[PDB]
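Chemist: Provided hereafter are the protein sequence and its experimental coordinates.
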Amino acid sequence: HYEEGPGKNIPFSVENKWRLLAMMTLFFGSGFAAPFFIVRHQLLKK
Amino acid sequence: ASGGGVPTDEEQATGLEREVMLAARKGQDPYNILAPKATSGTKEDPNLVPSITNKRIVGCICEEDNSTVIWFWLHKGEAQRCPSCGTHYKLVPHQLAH
Amino acid sequence: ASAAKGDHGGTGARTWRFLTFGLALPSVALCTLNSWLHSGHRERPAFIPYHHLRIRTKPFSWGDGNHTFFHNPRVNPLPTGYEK
Amino acid sequence: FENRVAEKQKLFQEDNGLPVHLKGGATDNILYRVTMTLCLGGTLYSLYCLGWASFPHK
Amino acid sequence: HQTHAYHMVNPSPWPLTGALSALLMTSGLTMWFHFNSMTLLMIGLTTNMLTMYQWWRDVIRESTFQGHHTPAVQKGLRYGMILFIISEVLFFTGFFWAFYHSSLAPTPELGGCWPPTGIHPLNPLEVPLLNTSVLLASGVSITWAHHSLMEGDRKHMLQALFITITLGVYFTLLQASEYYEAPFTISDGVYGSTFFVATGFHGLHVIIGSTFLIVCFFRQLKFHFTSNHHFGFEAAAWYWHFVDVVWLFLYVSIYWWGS
Amino acid sequence: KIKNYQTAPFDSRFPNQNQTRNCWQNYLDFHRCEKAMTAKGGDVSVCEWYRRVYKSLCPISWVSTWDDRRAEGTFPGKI
Amino acid sequence: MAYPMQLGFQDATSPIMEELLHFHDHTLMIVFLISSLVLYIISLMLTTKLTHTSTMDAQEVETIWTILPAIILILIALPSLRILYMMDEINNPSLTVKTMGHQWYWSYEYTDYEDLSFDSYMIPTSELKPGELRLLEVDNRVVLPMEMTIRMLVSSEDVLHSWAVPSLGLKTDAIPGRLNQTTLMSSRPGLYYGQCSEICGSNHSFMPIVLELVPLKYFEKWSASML
Amino acid sequence: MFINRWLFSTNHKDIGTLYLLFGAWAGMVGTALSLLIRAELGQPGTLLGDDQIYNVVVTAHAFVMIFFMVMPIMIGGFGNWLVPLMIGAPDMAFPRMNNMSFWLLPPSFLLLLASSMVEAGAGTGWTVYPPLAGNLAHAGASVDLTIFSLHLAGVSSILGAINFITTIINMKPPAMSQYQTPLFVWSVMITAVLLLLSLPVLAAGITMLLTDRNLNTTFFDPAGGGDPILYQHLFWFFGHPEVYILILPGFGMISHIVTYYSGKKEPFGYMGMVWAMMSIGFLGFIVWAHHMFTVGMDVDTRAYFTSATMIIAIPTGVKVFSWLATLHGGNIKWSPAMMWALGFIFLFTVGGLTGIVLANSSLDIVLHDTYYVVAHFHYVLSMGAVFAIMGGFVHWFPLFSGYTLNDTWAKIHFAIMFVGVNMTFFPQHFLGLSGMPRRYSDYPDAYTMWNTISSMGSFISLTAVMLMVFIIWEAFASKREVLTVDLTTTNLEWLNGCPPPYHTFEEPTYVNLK
Amino acid sequence: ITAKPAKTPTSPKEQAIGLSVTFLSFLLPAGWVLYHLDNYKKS
Ligand SMILES: CCCCCCCCCCCCCCCCCC(=O)OC[C@H](COP(=O)([O-])OCC(O)COP(=O)([O-])OC[C@@H](COC(=O)CCCCCCCCCCCCCCCCC)OC(=O)CCCCCCCCCCCCCCCCC)OC(=O)CCCCCCCCCCCCCCCCC
Ligand SMILES: CCCCCCCCCCCCCCCCCC(=O)OCC(COC(=O)CCCCCCCCCCCCCCCCC)OC(=O)CCCCCCCCCCCCCCCCC
Ligand code: HEA
Ligand code: HEA
Ligand SMILES: CCCCC/C=C\C/C=C\C/C=C\C/C=C\CCCC(=O)O[C@H](COC(=O)CCCCCCCCCCCCCCCCC)COP(=O)(O)OCCN
Ligand SMILES: CCCCCC/C=C\CCCCCCCCCC(=O)O[C@H](COC(=O)CCCCCCCCCCCCCCC)COP(=O)(O)OC[C@@H](O)CO
Ligand SMILES: CCCCCC/C=C\CCCCCCCCCC(=O)O[C@H](COC(=O)CCCCCCCCCCCCCCC)COP(=O)(O)OC[C@@H](O)CO
Ligand SMILES: CCCCCC/C=C\CCCCCCCCCC(=O)O[C@H](COC(=O)CCCCCCCCCCCCCCC)COP(=O)(O)OC[C@@H](O)CO
Ligand SMILES: CCCCCCCCCCO[C@H]1O[C@H](CO)[C@@H](O[C@H]2O[C@H](CO)[C@@H](O)[C@H](O)[C@@H]2O)[C@H](O)[C@H]1O
Ligand SMILES: CCCCCCCCCCO[C@H]1O[C@H](CO)[C@@H](O[C@H]2O[C@H](CO)[C@@H](O)[C@H](O)[C@@H]2O)[C@H](O)[C@H]1O
Ligand SMILES: C[C@H](CCC(=O)O)[C@H]1CC[C@H]2[C@@H]3[C@H](O)C[C@@H]4C[C@H](O)CC[C@]4(C)[C@H]3C[C@H](O)[C@]12C
Ligand SMILES: C[C@H](CCC(=O)O)[C@H]1CC[C@H]2[C@@H]3[C@H](O)C[C@@H]4C[C@H](O)CC[C@]4(C)[C@H]3C[C@H](O)[C@]12C
Ligand code: CUA
Ligand SMILES: [Cu+2]
Ligand SMILES: [Mg+2]
Ligand code: NA
Ligand SMILES: [O-]
Ligand SMILES: [Zn+2]
């Protein structure tokens, strides 16, 4: 069966608060970077 | 323009659909398909709340047409009261499914 | 209207079965009589190269990208008029 | 034809704990893996395709 | 153990294979319209059929065989399906709007008149009248299938349901005929556009309907439907009247009035 | 004969913001007139009003194009 | 045109735009009445240890605060619709000038009497004469006689543009195969500036509109020099 | 387990959590675009040196923020978590179709991101009007990819709308009348119905656009007797209901929050709040052409569309005043959520009023395609939709997660966010009156100060976003588990503990018919 | 609402770190692109 209670009803481990920071940082990180790299990409084609 | 060959629920119904259909015959509602009819909710005539554990969330519509339901857990034992109008509810546990 | 009939007595399928063979299909066969009897290749239309028809803002993704999907050479000219 | 619903009923109600999409034999398993393989193939191929279309060609 | 009558559904992959196949088909169309290639569209159409098959397979497994379709779960599916037809009604309403928009106010480019200068329209009393009689007739014959199923008449349920599919298929060939024989195209300005995009989407619905009925046929052959529980048939009959009715508006709006 | 033109007067047939059709109508009314006179012993003099009004309202590119098509015979209007 | 640090509408150049200023004043005055009131009643609600958490009757106050807003709305609607129906009118104008949107410039057509047509492009920034405004100046201005009711017919030869002059209260979308009409009546001479007001692609920011309103005399002479 | 749980979910709670992660991510995309808009405008001159890119960034910004942030979080996220819990339902009517509502969005998003990668992207504005959006001024696959991205989001939302309605109509306690369900559920049922009737005309609209671009139809091309205006009617027929779809779940959440943090057992004028949301829902379908007040429709049509738009103020007002009335005589708890809720109430009203200004087809002549329109909608979306989202999130986060946020940090986060959006959007009011058009990558020199200030404001709002992330991190890092929750008598959602079990209402509620 | 104490308390210094890392993950990659614009505009 599936595990219940705090830090268990989520698709990511909160077991280590620094692994967590590492995870969270790539997630929002990559999200907020994407448009900057698209804009770049569109400038570098022509 | 007459001839059989189409099964009946009686013949061919199965699983939970079957058990609802059998319960309905004997005038029962083990799956809470029907709104249960209230008693007077006094201490001696408390609302019998079937459960299959030792607690069940009772919702109370203290007065009719009220838009807000008062919810609380009813635990096994001495009849508890709605915190809002104080009508009585009492857990008649178990069987319901053998 | 009411149509000009009756039943409503013993509602069988029998009634809908009676309407299926008694009116529904005969009607199909009359419209089929009428239709496969009026039919006869409308002596095809003459080609004026009007600019509001045979539009080609981007080639179709098939053939030479100049022929529509149910292209009939006998009644549908290309933008440059009829083919062989 | 023969009514065989009640046989299929007893196969699909068996308490062997397979999810419903696999409960009807090995064919389910096969069909299910073919589906998922094609999907993830096509999804890889489509991202690749998208990679091609993002840069220009002369 | 649950003491409600609702269906908690087994973890199912088909929602995912559905979304992914939805990607492959849109990417595929793009690949097809713009970079002349169907490979993707081919792949897309397969994963979609496969998904639709297994998904509706599990529903029958869940209902006919495991009996999770209590009176409550049944109600839900009715609403679900009515709500679904309603979304289609609004969808067609776009193409009627477009037709009425252009036909009520023809532009200078068309000769300030409907039908436009240079369109030799179809005659509504030829095959279009046939198409109408065929679909209206299939509306009677399905209604008979439904009454036969409730009166527990197998032979006649099937006989009547066959006629229906046959009339539905008859329609499809007549329409494919009319399309080919039509002296105008989708490329022949707003007339072609409104005519072939509408009738085409409607024709597409007549096939989804014919397919749905054929599914209810073979289910009936294998005795899935009882006298009193047969929601898959009810929904198909509902969807067939929708398709029949959408046809009447097309016939009165596009073929008759706009000619 | 009823001249002193500055620009097209208000026209109760075309009272709203969309004048697409006012251009259109006055162009046909002209080339309909102009045809009727030449081809039945008369003078184009009477069709002048209709030309002034269409010249005023119609974009040059629209008139230019319609003229090219009357020439070409592909003009969708009943003249 | 707009000046540095402007808050409100450009100074009105036509009686229509005067009426909008006054109407905007009317409406904004009410908008202040209501935003102030909501702010006050919020701060009222949140500044008292006095509680009343029991039930409150709903059907009584709900009249006050349905009817009042409806009487307030009619106070907005009437003046609004008057000014709208004014903007149409049997106007009977002296002159008819067509404008045609292109990517990315306006062309003008004075075709009442002669075939007078010119393109009107934005002056680049590098080519500006000292005192000429960045992004606003055109090579060939729209010359129009002042104190004359002119008919403007707007269209496009490609995509949607939109022919605007705030100073005169003009915004009419340029639509291909459509001839939209708006009337113009400058109460004064001057230069009066506008910009494309529909996204027409890459250079939407850079196809502006300049009205040079001189008197009839000087208009006539200009027309004949532009053939 | 990971797969069966998170790719094959048939659990309203887990699917809700998926939606919240989507929106939060997409939100970062939406935000970065919003800063790229303001960096370009933050001083005179061209920064990207390519205006077609600026138009792509603007267009992407509105698609992301509408369809991939606000709609998923409110309807997908809060809606799936809460609706079943608030009506004592064990799940949604179609728990598996519900998973497909969710999984369509990643691909839907990919296709949009894809449209900006290929060719020169869709620099059309989010309206996607032809002919700019046509196959001649926007040759290539960018716009076609944008159209499909929208198709997928469309079907997703239609399928979810069927689910919410069916769930809410059919899976209450038998004793329970519709007039006994909380305001948030109402809000989602009426939002579901809007989606149902509106998104099908969009699908019709942008198909006819697809076929103009690829199958040589002329629905919109006057050459074949088309009309660009046909598209704007169809687009906006959906378009207006969409803005109401975006705010209606927000009204639900506020109603709840303002009620909870006042220590009321119920919101003031409950039947009024239903009547108001059904009223808005209904008038929302007959007003669309206030978006088309400059295309040259009849003065009579323009008069009608003005008069009809104005009436919405009445029902909408009932709600503003019902919230203030819910506050009346409250034991106010100044929680972060409550600040979000009070912030909304005032800032939405301002945004609602500038909308009433725009309702006048006379004034909309001088205001259409100016920063006044941008100011109006950023008030009701950035300070309306987003303030309800934040409030909802801080209020229910501990129900979802089982952990608490740091209230002090959350209060700081509000104060930074409150300053930013206001310094960003207030000045754009002036830009509008003073006649600065929308969709401009550069402006006459006169417009400098307000663009400079507006852009600085954007950077403040960003330091708020970056902090919110850290705050979500600190709560998961510290792991303070909920013990106790007040007012469970009138908020059934909290009654199964924090976080609730995989399966809630295995055994349905007991409710008496009396 | 009332909770039990932090199971894994986050010290003032641990928060300085997490915040710094958080802030930097949005800023550096954006800044890198924004900083190098001149060399994209003229490639
Ligand atoms: C409880 C619920 C129940 C649900 C029920 C659902 C089932 C549905 C069915 C029942 C519904 C009943 C509805 C009432 C009936 C409506 C009648 C009608 O409209 O038909 C007129 C229509 C008029 O005929 P036409 O072809 O237009 O004639 C003019 C020509 O086109 C002129 O063209 P032209 O001038 O270009 O031609 C030049 C000339 C060339 O010149 C020449 O050189 C001369 C050449 C000579 C040609 C020789 C032709 C010979 C044909 C005559 C045959 C007669 C006997 C046949 C008997 C055989 C029996 C199998 O050619 C000709 O000679 C033309 C000949 C035309 C003669 C007409 C053809 C005969 C049809 C009569 C049948 C009517 C039966 C009605 C139905 C009753 C059944 C129950 O009738 C039909 O053709 C068939 C009607 C069949 C009934 C259809 C019913 C269902 C579908 C319609 C529903 C209505 C539309 C719905 C939308 C409306 C929204 C408000
Ligand atoms: C950031 C830039 C600020 C600009 C400063 C202006 C400089 C003056 C030059 C010095 C002045 C020189 C005098 C020249 C005369 C100009 C005549 C004219 O044609 O002028 C036309 C003007 C008329 O408008 C005005 O008369 C300006 C009103 C300004 C409102 C004050 C709010 C200040 C907010 C603080 C900054 C943002 C942070 C908080 C934002 C909070 C949101 C409200 O243009 C408008 O039509 C403005 C339309 C605004 C629509 C929004 C309405 C709702 C706002 C909330 C009201 C709450 C009420 C309680 C009041 C409660 C107090 C809060
Ligand atoms: C959640 C989003 C949202 C909401 C809720 C609204 C709400 C309203 N909007 Fe707005 N709007 C947008 C998002 C929204 N809008 C967007 C995105 C656009 C641009 C589309 C585009 O071009 O991209 C837009 C554009 C737009 C235009 C077109 C401008 C133009 O293009 O030229 C108009 C014109 O009427 C308008 C009006 C209104 C009105 C009357 C309301 C009403 O619903 C507001 C009602 C609320 C109040 C009135 C305040 C509360 C009530 C009271 C305090 C009662 C008392 C008040 C009075 C008596 C006045 N909106
Ligand atoms: C919901 C809709 C929405 C949201 C949230 C935003 C957010 C922002 N928008 Fe956008 N915008 C539009 C909808 C929105 N916008 C629309 C419809 C247009 C018209 C497009 C067109 O012209 O085609 C537009 C256009 C537009 C323009 C005009 C461009 C031009 O015409 O030239 C500008 C200029 O400043 C702008 C600025 C901003 C800024 C500074 C923010 C933000 O900085 C405001 C701050 C808010 C946030 C940063 C959100 C924080 C929340 C999250 C990150 C979610 C968190 C998630 C969880 C906790 C789960 N927007
Ligand atoms: C025989 C009756 C049954 C009709 C259906 C049969 C075949 C086509 C299949 C399905 C149609 C699907 C949708 C409708 C889309 C386009 C119109 C198709 C109607 C049609 O079939 O029109 C034909 C052209 O089709 C063409 O180009 C064909 C182009 C093929 C490309 C497919 C359509 C591409 C657009 C897809 C958009 C999908 C968007 C929906 C999203 C889901 C809803 C949210 C007409 O032929 P013609 O030679 O021009 O004229 C006849 C001349 N003698
Ligand atoms: C439930 C019904 C309530 C009753 C309300 C009635 C309202 C609408 C239906 C009436 C349609 C006929 C229109 C009559 C009046 C206008 C005639 C007309 O011709 O309108 C045309 C557009 O109508 C068109 O197609 C418009 C096409 C229809 C779009 C209208 C929007 C409604 C769509 C939603 C309905 C969904 C419900 C499901 C239905 C089963 C063209 O516009 P004009 O301005 O002429 O352009 C030329 C001008 O230069 C002349 O001045
Ligand atoms: C060339 C072809 C390619 C085109 C692509 C599309 C292809 C095919 C679509 C064909 C549709 C077939 C539908 C099969 C449904 C079978 C499942 C079913 O029938 O499920 C039933 C429930 O209905 C339910 O879920 C209801 C199920 C809902 C069915 C609705 C389906 C509509 C399909 C429309 C999709 C396209 C829309 C248009 C897009 C452009 C089962 O319950 P009962 O029947 O009561 O039985 C129980 C008894 O045995 C016990 O007493
Ligand atoms: C250019 C191309 C664009 C492509 C876009 C298309 C996107 C995806 C296509 C792939 C999806 C096909 C797979 C079949 C989906 C089956 C849905 C279904 O049948 O859903 C049913 C409920 O909806 C009901 O009846 C009522 C709802 C029935 C609807 C059937 C599915 C519709 C899919 C298409 C919708 C198009 C929208 C049309 C309007 C614009 C069952 O729900 P479950 O929760 O599963 O079962 C719960 C149990 O109680 C059953 O025992
Ligand atoms: C929402 C439901 C709708 C989903 C989308 C519908 C998908 C439509 C598929 C259409 O496929 C057609 O395209 C092919 C294009 O290649 C055609 O063959 C063509 O391909 C040959 C091979 O290159 C050519 O030589 C010939 O012209 C030939 O007609 C052929 O008619 C047909 O397969
Ligand atoms: C709206 C979103 C943007 C918010 C504003 C960004 C705030 C500052 C972020 C820091 O990121 C940049 O900082 C350096 C400049 O200070 C850059 O140095 C670059 O240039 C330096 C020379 O100044 C060299 O040392 C390096 O090698 C390097 O490439 C570096 O690449 C870039 O990451
Ligand atoms: C197979 C079955 C025999 C009786 C039974 O299964 O109980 C019979 C009964 C009704 C029959 C159908 C109906 O008679 C209608 C059709 C009659 C035509 O001969 C074609 C086959 C046709 C489609 C038949 C197929 C098949 O023989 C059916 C379905
Ligand atoms: C009668 C109905 C519901 C009462 C109930 O059955 O519980 C209530 C709910 C909200 C009420 C409406 C709202 O309070 C808003 C309006 C208030 C005005 O004073 C009367 C009309 C007005 C339009 C009301 C009429 C009616 O009393 C409504 C529609
Ligand atoms: Cu031309 Cu914007
Ligand atoms: Cu609107
Ligand atoms: Mg505009
Ligand atoms: Na700039
Ligand atoms: O039935
Ligand atoms: Zn009680």
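Modeler: Sure thing, it's come through. Numbering: from 1, shown residues only, chains lettered A, B, ... in the order given. Ligands and ions are numbered 1, 2, ... in the order given.
Chemist: Spit out the contact partners of residue H:511.
Modeler: Neighbouring residues of residue H:511 by C-beta atoms under 8 Å, 6 or more residues apart in numbering or on different chains: B:35-36, B:58-61, B:69, H:173-176. C-beta coordinates here come from the backbone N, C-alpha and C atoms, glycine included.
Chemist: try it again with 10 Å
Modeler: B:32, B:35-36, B:38, B:57-61, B:69, B:71, H:88, H:172-176, H:180 (C-beta atoms under 10 Å, 6 or more residues apart in numbering or on different chains).
Chemist: so what's it bridging to?
Modeler: residue B:59 (DSSP bridges).
Chemist: coming back round to it: tell me which of the contacts of residue H:511 fall in strands.
Modeler: Among these, the residues falling in strands (DSSP state E) are B:57-60, B:71.
Chemist: which of those residues lies closest to residue C:20?
Modeler: residue B:59 (51.5 Å; C-beta to C-beta).
Chemist: Count the neighbours of the closest one for me.
Modeler: 21 (other C-beta atoms under 10 Å in any protein chain shown).
Chemist: What's the separation between it and residue H:174?
Modeler: Computed as C-beta to C-beta, to the nearest Å, the residue B:59 to residue H:174 distance reads 11 Å.
Chemist: Common neighbours of those two, please.
Modeler: H:508, H:511.
Chemist: Could you work out the most separated pair of the ones in strands among the contacts of residue H:511?
Modeler: B:57 and B:60, at 10.7 Å, using C-beta to C-beta across the ones in strands among the contacts of residue H:511.
Chemist: shared neighbours, the two?
Modeler: Shared contacts of residue B:57 and residue B:60 (C-beta under 10 Å, 6+ apart): B:71-72, H:510-511.
Chemist: Mind picking the one among the residues you listed that's closest to ligand 12?
Modeler: residue H:511 (18.8 Å; C-beta to the nearest ligand atom).
Chemist: quick revisit: among the shared contacts of residue B:57 and residue B:60, which two are most distant?
Modeler: The distance between the two most remote of these (C-beta to C-beta) is 12.1 Å, for B:72 and H:511.
Chemist: any common contacting residues for the two?
Modeler: Common neighbours of residue B:72 and residue H:511 (C-beta under 10 Å, 6+ apart) are B:57-60.
Chemist: For ligand 8, state which of those residues is nearest.
Modeler: residue B:57 (23.8 Å).
Chemist: Okay, the nearest residue to residue G:85 once chain neighbours are set aside and residue H:293: tell me how far apart.
Modeler: What sits nearest to residue G:85 in space, not counting adjacent residues and going by C-beta to C-beta, 6 or more residues apart in numbering or on different chains, is residue H:299, at 5.9 Å. Distance, residue H:299 to residue H:293, using C-beta to C-beta: 11 Å.
Chemist: what do you get for residue E:37?
Modeler: According to C-beta to C-beta, residue E:37 stands 44 Å off from residue H:293.
Chemist: which of those two has more neighbours?
Modeler: residue H:293 (26 against 14).
Chemist: circling back: list only buried entries from the shared contacts of residue B:57 and residue B:60.
Modeler: B:71-72, H:510-511 (16 or more other C-beta atoms under 10 Å in any protein chain shown).
Chemist: Tabulate these in CSV, adding columns for distance to ligand 9.
Modeler: Shown next, in CSV, are those (distance: C-beta to the nearest ligand atom, whole Å):
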residue, distance to ligand 9
B:71, 45
B:72, 51
H:510, 47
H:511, 44
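Chemist: Alright, I will stop here.
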